[PDB]
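**Student:** One structure, as structure tokens, below. Some questions next.
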Amino acid sequence: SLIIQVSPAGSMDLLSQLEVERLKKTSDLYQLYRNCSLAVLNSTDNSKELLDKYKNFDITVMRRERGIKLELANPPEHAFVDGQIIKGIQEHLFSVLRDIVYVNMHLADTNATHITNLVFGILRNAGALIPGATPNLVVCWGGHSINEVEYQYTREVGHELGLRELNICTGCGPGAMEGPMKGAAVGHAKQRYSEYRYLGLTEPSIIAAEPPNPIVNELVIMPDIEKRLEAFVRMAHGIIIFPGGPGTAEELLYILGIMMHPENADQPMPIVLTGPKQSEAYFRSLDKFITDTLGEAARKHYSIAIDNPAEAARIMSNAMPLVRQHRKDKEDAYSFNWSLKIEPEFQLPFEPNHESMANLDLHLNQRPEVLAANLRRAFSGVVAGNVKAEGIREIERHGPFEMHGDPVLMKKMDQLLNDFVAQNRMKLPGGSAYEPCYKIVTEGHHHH
Amino acid sequence: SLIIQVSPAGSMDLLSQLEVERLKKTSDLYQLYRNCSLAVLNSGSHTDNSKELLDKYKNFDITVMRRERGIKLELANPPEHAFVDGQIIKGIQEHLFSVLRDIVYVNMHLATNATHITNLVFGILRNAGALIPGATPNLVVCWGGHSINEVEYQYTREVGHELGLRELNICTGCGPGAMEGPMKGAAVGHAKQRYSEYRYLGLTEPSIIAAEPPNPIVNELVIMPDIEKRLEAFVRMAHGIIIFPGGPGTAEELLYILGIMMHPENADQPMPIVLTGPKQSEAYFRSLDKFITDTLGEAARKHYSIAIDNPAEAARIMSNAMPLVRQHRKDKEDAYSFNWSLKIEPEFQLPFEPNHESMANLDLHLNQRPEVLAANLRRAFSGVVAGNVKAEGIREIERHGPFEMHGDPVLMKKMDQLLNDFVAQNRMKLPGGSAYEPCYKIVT
Amino acid sequence: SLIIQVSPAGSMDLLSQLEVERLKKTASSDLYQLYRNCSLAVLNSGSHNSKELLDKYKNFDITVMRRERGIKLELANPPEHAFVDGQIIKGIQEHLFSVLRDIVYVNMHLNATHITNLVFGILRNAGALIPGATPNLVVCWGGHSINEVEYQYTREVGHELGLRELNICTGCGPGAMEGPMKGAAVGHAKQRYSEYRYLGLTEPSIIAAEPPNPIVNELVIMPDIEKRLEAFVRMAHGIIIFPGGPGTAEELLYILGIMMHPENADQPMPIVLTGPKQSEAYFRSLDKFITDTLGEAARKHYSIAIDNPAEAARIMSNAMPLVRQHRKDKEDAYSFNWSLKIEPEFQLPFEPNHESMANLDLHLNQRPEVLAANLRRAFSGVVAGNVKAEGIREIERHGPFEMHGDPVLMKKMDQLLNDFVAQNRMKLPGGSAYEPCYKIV
Amino acid sequence: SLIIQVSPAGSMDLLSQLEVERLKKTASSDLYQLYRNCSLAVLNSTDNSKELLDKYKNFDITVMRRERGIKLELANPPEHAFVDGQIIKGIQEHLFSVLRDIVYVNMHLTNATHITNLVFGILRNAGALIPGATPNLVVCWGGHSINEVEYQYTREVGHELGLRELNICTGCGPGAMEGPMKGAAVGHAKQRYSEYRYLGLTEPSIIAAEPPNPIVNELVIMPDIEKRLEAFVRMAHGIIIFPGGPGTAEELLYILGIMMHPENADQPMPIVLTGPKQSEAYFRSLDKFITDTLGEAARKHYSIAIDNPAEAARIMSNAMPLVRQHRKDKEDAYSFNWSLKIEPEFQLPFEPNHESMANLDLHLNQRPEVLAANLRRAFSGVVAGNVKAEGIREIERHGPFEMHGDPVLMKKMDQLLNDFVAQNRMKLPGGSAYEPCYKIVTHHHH
């Protein structure tokens, strides 16, 4: 076996022996830590089977004179340039260790208050919440599987964000999770913005499929999908949304459900949907889905900017003084939006299985915010069925997840999902044809 | 009230509403937070080391406000000596945020006992940013009297200057005298040496901070929960120790480290200890050296040396020991900044609450293991400090007279003469008020 | 007028009144117009390779103001593409100060030793020679007018240089002058290399045609073409050369003629010619041109790497500790190569007119170094005639520059310039068809 | 020889061969000997004549252009530059400041304009002129030979300045050139002012006598005394003057002579004379000397604050907004006061000898500015005659420097100089009694 030593991290705190003992190869905690560290070294598909290709990989944590040193057994050779691990990948290994450790030390210490304080704590522990920072963070969302035209577009938006001294917070992995940071690197250099921040959020059951690029200079591993959604919207000062598949619709329905709450009517966070000229049909269909399901009231919470990278960035840049003023109006923090009201329906972690998917309430007779929360979960289930080990396994055992609801809505969701399949948004190129993991059915007398 | 706003200062993270909710003025915690904050503002020579301090600033209050760039502080009627031309000294501003950080962290961490204690001490120091993972060893703990004459003060300043010239940092208590002289010297030596990354760490705890407030020159103030945890923080962070003449607080510290260093499991620990003072302190040191060898045995002498009238040689012993310190931490697979492998037995950690009963119950006999006798003498000196300068201590004395101790008649007489010397040398209390009255009486 | 104030941006020292007097519009001196035109060019980056820049912005001016925190600049009617949302890009602001610093320096300070000492003085005063730096500067040369496939390959080589913590030194303008720096911004980001240096060197008679991208973070204005060439080769630790036109040809001949000097036999500076797969035929012909003219002895001084960006960057990276050893063996500086022997024929400033062009010694029958120095001139003549204002008017006055020599050399020559013309290397595309400024008999 | 290598320290640029070739040791090189002697003084930082050389006859220094710039080889350096066998870093930086500035002045080898521009050029090359910095620099002047009460007082003043985020620019050497910076090191640390600047200005013929302390973080070597004076007053945003001897008197006359020029009536820079309680008589007598000689008009240009270290610092701090507004009004730099009028009488370098001291115009019937210029030169000669090698030689071979002028003036000067001798300001303690290097001597009939 090839054994490689990773020297201590710039800025990783000393750990105690109690903090790290749960990580020995011995609880499934080691396997989870190993699997996240493997994903960071393996930064070329979304169906987990490279976790059969690195079976002999393992990682050992050593407490030493300057803090933690890591020993890697048989690491991916693509983490190397000229025999050395890329420094940004080195920093990600330490980020993985830090967050796994932190969460495991605070699994002990209402529940809605608990979840928000836990999200705040993880982010604060990661160094992601800079107290003195003026608002400038744009969350970017978009598909992992996008064409070259969409990809170049996300790169040019990132350039435009860079020229305006804005920072980027996004998911991890290929497609729209990687383009803007590459564009921002150039626009930040032109503008001499050396304090740039490219935050990449992930969680343990999706990191292998959507692994962090080395350019991400603040990686944070959140415990689950809902906590990462809540981290995105409490840190965001503005949000740009590119074309994407089910994961990107999920995010859109999460934020629109929150923003329709009357207590959030004065939250100024700008939301811009944007894409190249060729995405015009895609946005017409999305805009129509949203206002047909959630009503015409949802329209006030976002705008659409087609084929104009500088417009999206300018709308974000121009809103930063509005964000500043609103935070001071609420006696809130610039770096973490505590005053944003997030109802428990957006926090409750959702575990996609046949029963939970069939339990979803997709009828028109609810508050729109609540229909949004249920649609968020439906799209979360399609993602899971497609890419999470445990969700793919449910689909293997029992076939597709079945959903039902108002027939008009179900038809519209079924068409949206078929469009995602026709636009190749479900699967990166070069597997076999995509087989849907979902089936829309009509809602179903006793024997006596 | 005259409201003074204090902007965020130093490295202060955002806090949650839960973290600060008890620091509202309603709350025992608020009063503790308030007292520690007043102490850091009232940092000039009020001589007073008797906690009748507060009564001067009864209308003081502080409000913690969570705002856009983190916490701002609103002070109602702060002491004027915290000000230069109507602005608060920046070092005092940072100390207000250190107090808040440390009060908050300890309060959030209420949930085996020996392991819990050492892990708490580490956690507090880590939270304070006092444990730098990549730093090479260079931290010298300095101990010595809070009430010392000008010749002794000058000498501590010369040692600080020699530590500064050698790129050493200083960790010490708070308050005046030997807690401040060395950092003033070291400011000059470090500037000559261009050592802009100097660290002047000042450790305190809530029941002694009003009596011994941190100089604004301290650039890393840390509030520990109590005296024993401060002791543990000192000796786990130390790479070497310098001890100047002092009174009962300095005896307490010397006995603590000797008791620990005498444990057979610590035989390989390389940390050097140098007792040093000016030429005039020769008799003080002969008498102290004799008290240690007479009580703990000739074996204690192998853990320190004595350097009179030679500031450079004290600093040189520290500097020369650093490579052995490094090697030994590497041999132990231990951290440079926090000595986990040092064995500290429970009798060194168990918090001692001095009152007439606990002082009377101290086991003071010459037939004990010397490390165990050092633990009991540590507790006796801690009790003399508490009776002299702590609020609660000073009260027990007022309402019942001196603390009484008893034990081996031979030990009791040597102890009695040392305490008596501390009184004759003016080490028991800062001068400028009424003559010291013993808070102790040795019975038989 | 639109009037825009520029606050002090760089590491710009205080100046005296004496130092800026000649920049007043009232001074009887040509210096204001030079300073104005260099300042215009930096505000005109991204658009354009003809100096008829001047006609669209006739009403532009710039005023230097010595104030409390040093120099403030006032711009009257600046190009509006230097702006993002009403504000001049910060990199452009710093360039305006770099232009000021170097114009002032050269004006205050103004033979082999004198020339090299001047080049060193200029660089040192610009902050470009960092005394404590370990060798890692790669000079990149290549065509300002290139296709997408060549451009994308230059960005990939840049990304590979970034991942290996190498810095870039290059000319100014579009194409190969800007591609590597874009790639390196991403490779340096992955590698957390925050101290990156993107040096762009230029001179006043080409700056309007080839202006610096805002990404260049160390702009230096040299006084003339030959001093920029000398600056390149004394700072370089390695050299990467992409496909180019006559400007890249000129640079290649300059450095080959110097490296062939017996005194330079132990100068370790790696030279790597590189390009995408499609450039295979370009390089086969460039390779044959060099060896047919300078002889087989030139070949030991460069290699060719096609279709492999990582390889070019790995050769630069692997040579750095060689460069460190050789500088110490010569008791020389890391950051400025004094020990490099540059013969006066490579320093002597060449003024391209029909005469000096005709009086060039292009016989296939000289010292190889001495013929390289002559071809270097010829190529610089073809550049000047294409882009420099004074050159261009010599051609509008007397037609094409005429060159003659050994008919074996002259065929080779002509076919090379003809290949440049057909590969779209002479002129950025989309104006009046390129008509040659040269004629060969 | 014992050869100790010094690596690069501070912000020194690469130098060319041309720049350093004249610094090579040869039989005839006057420039090498000057460089060697300035370097040796920085390494030797306890009497005050320049026969301190003699202990270190075998010292030499070699400049070597190498990969990361210049490396220095010292032969037989003094032992007090070292702590535990390594050279104190501030001293290492000083060796390079000495090299930097000697090379610069030699490479830069109209007249009034010329001198001012050279002064600026030297300071800018040394990095002493920070373009973006808000005004905060206080020049401190004061005696090199002072008792413990006066020294502790200077230290208390430096602490107050430190607490106010003010910087210090001073001469080099012991006494009042040393105390304020030790006091400010403490004050600035309490205030977290890590960007502190302690500027020590010196010149080749005095640096041996008054060697810079390692705590100086910006050492600058000016070409001569007059250019150091111009450097002080152009960089100053305020001035504090402690009690001192003839060198301190020379500085006060220089600044008063300048500040009385009609073109300087708008200049806002404050001047505070200050010292401990026991210096009341000293300041009474100094203030009377000033107003008797230069006139009642001179009094408006300074104030006196006895026994109050915080007040002297407060005056400096409260004058900053005015100094900033006045610089902006004159379209001048914060860091270099070009607007200040300095007449040639203050710039012309003065070479003290028996003939130039006898040619001094010390008559009360002339412009008070030119009287001040002339008195400035006279104290300068007493300084030369006591501490400068060359001056000391003039006195060894020809006896004291004679001066004459108005008997009204001559008497005041005589008394003042007498007061300096009796207050032990001429000579640091140790050897024998001070012997005066001056004599004050006694046109009509027609």
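By order of appearance in the structure tokens: chains A, B, ..., then residues from 1 within every chain, and ligands from 1 in the order shown.
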Which residues of chain C have any atom within 8 Å of an atom in chain D when counting only C-alpha atoms, and what is the closest pair of atoms for each, with the distance in Å to one decimal? Order the rows by chain and rising number and write it as a Markdown table.
**Tutor:**
| residue | atom | partner | partner_atom | distance |
| --- | --- | --- | --- | --- |
| C:12 | CA | D:131 | CA | 7.7 |
| C:13 | CA | D:131 | CA | 6.3 |
| C:14 | CA | D:131 | CA | 5.8 |
| C:16 | CA | D:117 | CA | 7.6 |
| C:66 | CA | D:331 | CA | 7.2 |
| C:67 | CA | D:331 | CA | 5.3 |
| C:68 | CA | D:333 | CA | 4.0 |
| C:69 | CA | D:132 | CA | 4.7 |
| C:70 | CA | D:131 | CA | 5.4 |
| C:117 | CA | D:16 | CA | 7.4 |
| C:124 | CA | D:13 | CA | 7.4 |
| C:129 | CA | D:14 | CA | 7.5 |
| C:130 | CA | D:13 | CA | 7.5 |
| C:131 | CA | D:68 | CA | 4.8 |
| C:132 | CA | D:68 | CA | 4.7 |
| C:133 | CA | D:68 | CA | 7.0 |
| C:327 | CA | D:67 | CA | 6.6 |
| C:328 | CA | D:67 | CA | 6.1 |
| C:331 | CA | D:66 | CA | 5.4 |
| C:332 | CA | D:66 | CA | 5.5 |
| C:333 | CA | D:67 | CA | 3.9 |
| C:334 | CA | D:67 | CA | 5.0 |
| C:335 | CA | D:67 | CA | 7.8 |
**Student:** Which residues come within 10 Å of residue 311 in chain A, counting only C-alpha atoms, excluding same-chain residues fewer than 5 positions away, as a PyMOL selection string?
**Tutor:** chain A and resi 157+160+272+274+305-306+316-317
**Student:** Go ahead and save the residues from that selection, with C-alpha atoms, as a short mmCIF file (atom, residue, chain, number, x, y, z; two decimals), in the first residue's frame.
**Tutor:**
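Listing of out_23.cif after writing:
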data_model
loop_
_atom_site.label_atom_id
_atom_site.label_comp_id
_atom_site.auth_asym_id
_atom_site.auth_seq_id
_atom_site.Cartn_x
_atom_site.Cartn_y
_atom_site.Cartn_z
CA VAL A 157 -22.06 35.34 -13.98
CA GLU A 160 -19.54 39.55 -12.98
CA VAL A 272 -32.76 36.12 -9.53
CA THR A 274 -30.99 33.50 -14.82
CA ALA A 305 -32.92 37.78 -16.10
CA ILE A 306 -32.18 36.02 -19.43
CA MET A 316 -27.13 41.36 -6.17
CA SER A 317 -24.61 44.20 -5.78
#
**Student:** I need the contact residues of chain B against chain A, so if you could list those with any atom within 7 Å, counting only C-alpha atoms, and return them as a ChimeraX atom specification, that would help.
**Tutor:** /B:13-14,67-70,133-134,329-330,333-336
**Student:** Keeping only N, CA, C and O atoms, write the selected residues to a file as a tab-separated table (two decimals), in the first residue's frame.
**Tutor:**
chain	number	residue	atom	x	y	z
B	13	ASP	N	-16.05	36.22	18.21
B	13	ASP	CA	-17.15	35.57	17.40
B	13	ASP	C	-18.57	36.08	17.63
B	13	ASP	O	-18.85	36.64	18.71
B	14	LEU	N	-19.49	35.79	16.67
B	14	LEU	CA	-20.91	36.08	16.93
B	14	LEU	C	-21.37	35.17	18.05
B	14	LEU	O	-20.86	34.03	18.19
B	67	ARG	N	-25.55	42.75	17.68
B	67	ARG	CA	-25.86	43.69	16.57
B	67	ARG	C	-25.19	43.23	15.28
B	67	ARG	O	-24.77	42.07	15.20
B	68	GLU	N	-25.10	44.12	14.28
B	68	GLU	CA	-24.81	43.72	12.90
B	68	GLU	C	-23.40	43.11	12.72
B	68	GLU	O	-23.25	42.16	11.95
B	69	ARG	N	-22.42	43.60	13.49
B	69	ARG	CA	-21.05	43.16	13.44
B	69	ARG	C	-20.72	42.43	14.72
B	69	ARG	O	-19.56	42.33	15.07
B	70	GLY	N	-21.74	41.88	15.39
B	70	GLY	CA	-21.50	41.09	16.59
B	70	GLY	C	-21.83	41.95	17.81
B	70	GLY	O	-22.53	42.94	17.69
B	133	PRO	N	-1.72	26.07	17.52
B	133	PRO	CA	-1.25	24.71	17.18
B	133	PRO	C	0.18	24.71	16.58
B	133	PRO	O	1.00	23.87	16.94
B	134	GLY	N	0.52	25.67	15.72
B	134	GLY	CA	1.83	25.59	15.10
B	134	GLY	C	3.01	26.25	15.83
B	134	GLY	O	4.13	26.17	15.34
B	329	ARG	N	8.29	16.61	23.98
B	329	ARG	CA	6.86	16.60	23.54
B	329	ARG	C	6.75	15.69	22.33
B	329	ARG	O	5.78	14.95	22.18
B	330	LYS	N	7.73	15.76	21.43
B	330	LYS	CA	7.74	14.82	20.29
B	330	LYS	C	7.85	13.35	20.73
B	330	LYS	O	7.08	12.51	20.27
B	333	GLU	N	4.55	12.08	21.89
B	333	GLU	CA	3.49	12.29	20.95
B	333	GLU	C	2.48	13.31	21.45
B	333	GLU	O	1.29	13.18	21.22
B	334	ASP	N	2.98	14.37	22.10
B	334	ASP	CA	2.15	15.34	22.81
B	334	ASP	C	2.15	16.67	22.05
B	334	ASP	O	2.94	16.85	21.11
B	335	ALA	N	1.24	17.56	22.39
B	335	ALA	CA	1.21	18.91	21.77
B	335	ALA	C	2.33	19.83	22.34
B	335	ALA	O	2.56	19.88	23.56
B	336	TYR	N	2.99	20.63	21.46
B	336	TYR	CA	3.82	21.75	21.95
B	336	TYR	C	3.14	22.78	22.91
B	336	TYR	O	3.71	23.17	23.92
**Student:** Tell me, which residues of range 252-347 of chain B carry DSSP helix (DSSP H, G or I), written as a compact mmCIF listing (two decimals) with C-alpha atoms, in the first residue's frame?
**Tutor:**
# COMPACT_ATOMS: atom_id res chain seq x y z
CA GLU B 252 1.15 28.48 46.76
CA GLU B 253 2.32 28.38 43.11
CA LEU B 254 5.83 27.11 43.94
CA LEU B 255 4.42 24.30 46.17
CA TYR B 256 1.92 23.37 43.47
CA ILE B 257 4.54 22.87 40.75
CA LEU B 258 7.02 21.12 43.05
CA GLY B 259 4.41 18.69 44.27
CA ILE B 260 3.60 17.84 40.65
CA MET B 261 7.25 17.66 39.48
CA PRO B 264 7.72 9.71 39.82
CA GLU B 265 5.67 9.63 36.62
CA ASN B 266 6.99 13.16 35.92
CA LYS B 279 21.04 40.89 45.23
CA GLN B 280 18.92 42.20 48.19
CA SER B 281 16.67 39.08 47.93
CA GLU B 282 19.52 36.65 48.84
CA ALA B 283 18.22 36.14 52.45
CA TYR B 284 14.63 35.72 51.24
CA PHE B 285 15.85 32.91 48.87
CA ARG B 286 18.07 31.16 51.51
CA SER B 287 15.09 31.11 53.79
CA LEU B 288 12.68 29.84 51.05
CA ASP B 289 15.14 27.21 49.80
CA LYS B 290 15.52 25.99 53.40
CA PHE B 291 11.74 25.80 53.97
CA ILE B 292 11.34 23.64 50.82
CA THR B 293 14.25 21.23 51.53
CA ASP B 294 13.25 21.01 55.23
CA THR B 295 9.63 20.15 54.38
CA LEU B 296 9.71 18.35 51.04
CA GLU B 298 16.49 17.33 49.49
CA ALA B 299 14.89 15.74 46.43
CA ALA B 300 12.86 18.97 45.80
CA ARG B 301 16.11 20.81 44.94
CA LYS B 302 16.65 18.77 41.87
CA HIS B 303 13.65 20.50 40.16
CA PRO B 311 18.58 38.72 34.82
CA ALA B 312 20.27 37.41 31.62
CA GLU B 313 21.11 34.05 33.21
CA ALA B 314 17.47 33.47 34.26
CA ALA B 315 16.32 34.17 30.67
CA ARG B 316 19.16 32.07 29.25
CA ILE B 317 18.20 29.00 31.25
CA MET B 318 14.69 29.33 29.72
CA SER B 319 15.96 29.77 26.19
CA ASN B 320 18.44 26.89 26.39
CA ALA B 321 15.78 24.48 27.60
CA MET B 322 13.44 24.97 24.61
CA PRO B 323 15.01 22.33 22.37
CA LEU B 324 14.76 19.66 25.12
CA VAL B 325 11.18 20.73 25.74
CA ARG B 326 10.42 20.23 22.03
CA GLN B 327 12.11 16.87 21.85
CA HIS B 328 10.37 15.59 24.85
CA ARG B 329 6.86 16.60 23.54
CA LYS B 330 7.74 14.82 20.29
CA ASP B 331 8.90 11.71 22.24
CA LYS B 332 5.54 11.73 24.10
CA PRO B 346 -6.53 14.79 42.10
CA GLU B 347 -5.14 16.50 45.27
**Student:** Any idea what's packed within 8 Å of residue 251 in chain C, counting only C-alpha atoms, ignoring anything in its chain fewer than 3 positions away? Could you give it as a PyMOL selection string?
**Tutor:** chain C and resi 141+229+247-248+254-255+376
**Student:** For chain B, list the residues within 7 Å of chain D, counting only C-alpha atoms, and write the list as a list in words.
**Tutor:** residues 89, 90, 91, 184, 187, 188, 191, 192, 193, 194, 216 and 217 of chain B
**Student:** Create the file for the chosen residues now, containing N, CA, C and O atoms and written as a PDB file, in the first residue's frame.
**Tutor:**
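Below you can see result.pdb, which holds the result:
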ATOM      1  N   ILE B  89      -8.928  52.890  26.659  1.00  0.00           N
ATOM      2  CA  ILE B  89      -7.639  52.358  26.197  1.00  0.00           C
ATOM      3  C   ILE B  89      -7.955  51.101  25.399  1.00  0.00           C
ATOM      4  O   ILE B  89      -8.837  50.356  25.830  1.00  0.00           O
ATOM      5  N   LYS B  90      -7.300  50.831  24.266  1.00  0.00           N
ATOM      6  CA  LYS B  90      -7.743  49.696  23.411  1.00  0.00           C
ATOM      7  C   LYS B  90      -7.530  48.341  24.045  1.00  0.00           C
ATOM      8  O   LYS B  90      -8.328  47.435  23.871  1.00  0.00           O
ATOM      9  N   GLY B  91      -6.452  48.196  24.807  1.00  0.00           N
ATOM     10  CA  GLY B  91      -6.207  46.969  25.528  1.00  0.00           C
ATOM     11  C   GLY B  91      -7.353  46.699  26.546  1.00  0.00           C
ATOM     12  O   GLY B  91      -7.759  45.555  26.767  1.00  0.00           O
ATOM     13  N   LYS B 184       6.352  44.867  30.879  1.00  0.00           N
ATOM     14  CA  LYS B 184       6.955  46.148  30.546  1.00  0.00           C
ATOM     15  C   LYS B 184       8.391  46.038  30.051  1.00  0.00           C
ATOM     16  O   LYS B 184       8.784  46.776  29.123  1.00  0.00           O
ATOM     17  N   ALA B 187       8.259  44.359  26.524  1.00  0.00           N
ATOM     18  CA  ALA B 187       7.855  45.284  25.460  1.00  0.00           C
ATOM     19  C   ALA B 187       9.082  45.975  24.816  1.00  0.00           C
ATOM     20  O   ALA B 187       9.122  46.112  23.613  1.00  0.00           O
ATOM     21  N   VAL B 188      10.085  46.379  25.623  1.00  0.00           N
ATOM     22  CA  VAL B 188      11.303  46.934  25.097  1.00  0.00           C
ATOM     23  C   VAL B 188      12.139  45.849  24.419  1.00  0.00           C
ATOM     24  O   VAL B 188      12.595  46.054  23.300  1.00  0.00           O
ATOM     25  N   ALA B 191      10.587  44.652  21.143  1.00  0.00           N
ATOM     26  CA  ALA B 191      10.731  45.723  20.100  1.00  0.00           C
ATOM     27  C   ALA B 191      12.152  45.787  19.527  1.00  0.00           C
ATOM     28  O   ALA B 191      12.269  45.953  18.298  1.00  0.00           O
ATOM     29  N   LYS B 192      13.193  45.578  20.376  1.00  0.00           N
ATOM     30  CA  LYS B 192      14.624  45.559  19.904  1.00  0.00           C
ATOM     31  C   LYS B 192      14.866  44.391  18.936  1.00  0.00           C
ATOM     32  O   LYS B 192      15.690  44.462  17.970  1.00  0.00           O
ATOM     33  N   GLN B 193      14.139  43.312  19.235  1.00  0.00           N
ATOM     34  CA  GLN B 193      14.267  42.042  18.536  1.00  0.00           C
ATOM     35  C   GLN B 193      13.284  41.986  17.404  1.00  0.00           C
ATOM     36  O   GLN B 193      13.224  40.959  16.695  1.00  0.00           O
ATOM     37  N   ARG B 194      12.483  43.063  17.175  1.00  0.00           N
ATOM     38  CA  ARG B 194      11.378  43.073  16.156  1.00  0.00           C
ATOM     39  C   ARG B 194      10.382  41.898  16.276  1.00  0.00           C
ATOM     40  O   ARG B 194       9.905  41.371  15.263  1.00  0.00           O
ATOM     41  N   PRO B 216      -3.652  46.854  30.994  1.00  0.00           N
ATOM     42  CA  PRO B 216      -3.956  46.912  29.565  1.00  0.00           C
ATOM     43  C   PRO B 216      -2.864  46.323  28.655  1.00  0.00           C
ATOM     44  O   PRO B 216      -3.168  45.983  27.564  1.00  0.00           O
ATOM     45  N   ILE B 217      -1.631  46.234  29.136  1.00  0.00           N
ATOM     46  CA  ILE B 217      -0.515  45.641  28.350  1.00  0.00           C
ATOM     47  C   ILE B 217      -0.671  44.115  28.068  1.00  0.00           C
ATOM     48  O   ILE B 217      -0.173  43.556  27.040  1.00  0.00           O
TER      49      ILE B 217
END
**Student:** Using only C-alpha atoms, determine which residues lie at most 9 Å from residue 357 in chain B, disregarding the query and same-chain residues fewer than 5 positions distant; provide the list as a PyMOL selection string.
**Tutor:** chain B and resi 362+403-404
**Student:** Just N, CA and C atoms for this one: save the residues we selected as a CSV table (one decimal), in the first residue's frame.
**Tutor:**
chain,number,residue,atom,x,y,z
B,362,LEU,N,-7.0,20.8,57.5
B,362,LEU,CA,-5.8,20.5,56.6
B,362,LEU,C,-4.9,19.5,57.4
B,403,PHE,N,-8.1,32.3,60.5
B,403,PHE,CA,-8.2,30.9,60.2
B,403,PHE,C,-7.1,30.2,61.1
B,404,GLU,N,-7.4,29.1,61.6
B,404,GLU,CA,-6.5,28.4,62.5
B,404,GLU,C,-6.0,27.1,61.8
**Student:** Output the contact residues of chain C with respect to chain A at a cut-off of 9 Å, based on only C-alpha atoms, as a list in words.
**Tutor:**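 Interface list for chain C against chain A: residues 84, 85, 89, 90, 91, 92, 163, 164, 181, 182, 183, 185, 186, 187, 188, 189, 190, 191, 192, 194, 213, 214, 215, 216, 217 and 314 of chain C.
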